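Below, each chain spelled out in residue letters.
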Amino acid sequence: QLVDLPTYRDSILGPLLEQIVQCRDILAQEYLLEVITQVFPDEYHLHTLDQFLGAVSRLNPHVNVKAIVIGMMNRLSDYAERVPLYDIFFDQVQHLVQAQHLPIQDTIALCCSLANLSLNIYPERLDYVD
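Residues numbered from 1 in each chain as written, not as in the entry; some residues may be left out. Part of a larger assembly, values for the part shown. Heavy atoms only, no water.

Structure determination for this entry is recorded as cryo-EM, at 11.4 Å resolution.

By the naming in the PDB entry, the chain is Vacuolar protein sorting-associated protein 35, taken from Chaetomium thermophilum. The deposited PDB record carries the title "Model of retromer-Vps5 complex assembled on membrane".

Next comes the structure, spelled out in C-alpha cells:
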C-alpha cells in the first residue's frame, strides 16, 4: 500500500536481501520471503531478478525455495501468456543446483514448470528447450 519503484528498489530491496542471507532462519526466511512474494510485483521482481537469483544462490536449503521460485514461476506463468529471463535463470539453475544441491526430482519439477512458464512467456526458444 506504498512504494514506488525506486523506493522499493533501492531502498527497501537492498535491505531485505542482506537481511535474509545472514539471518539464516529458515522458518523466518520461508514465511517472510513469501510475504515479499505475496505482496509485490513480479515486474518489480522482474527488474530485480538478477539480484533475486543471486540471493537464491545463498541459502540454508531447508528453506524450500523451489516452491517459492515455483510460486513465482506460476505467477509469471499467468502473466506470461497474457529479456533473456530464461537464460539468466538458467545459468543460475545449474549454478543453483550447485549452490545448494538437489534431490534430483525437485530440479525436474522445476524443469517442468520451467517449461510451463518459459513456454508461456516465450513460446519457444528451442535453445531453452533442449
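And the narrative resumes.
We now examine the environment of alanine 28. One can find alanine 28 in helix α3 (residues 26-39). Look at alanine 28 and you get partly exposed, because its relative accessible area is 23%. In sequence terms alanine 28 and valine 63 are 35 residues apart; their C-alpha atoms lie 9.2 Å from each other. (Helix = DSSP H or I, 4+ residues; strand = E, 2+ residues; numbered from the N terminus. Buried < 20%, exposed > 50% of the residue type's maximum accessible area, 1.4 Å probe, protein only.)

For the rest of this paragraph, the subject is the nonpolar core. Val65 and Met73 are the most contacted members of the largest nonpolar core, which totals 29 residues. Going through the elements one at a time, α2 (13-23), α5 (49-56), α6 (65-80), α7 (85-99) and α8 (104-121) are the ones with two or more residues in this core. Examining the composition of this core, we find that 8 residues originate from one element, α6, more than from any other. Every residue in contact with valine 65, bar those within four places of it in the chain, is listed here: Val56, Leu59 and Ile70. (Core = buried A, V, L, I, M, F, W, Y, C linked by side-chain atoms within 4.5 Å. Contact = heavy atoms within 4.5 Å.)

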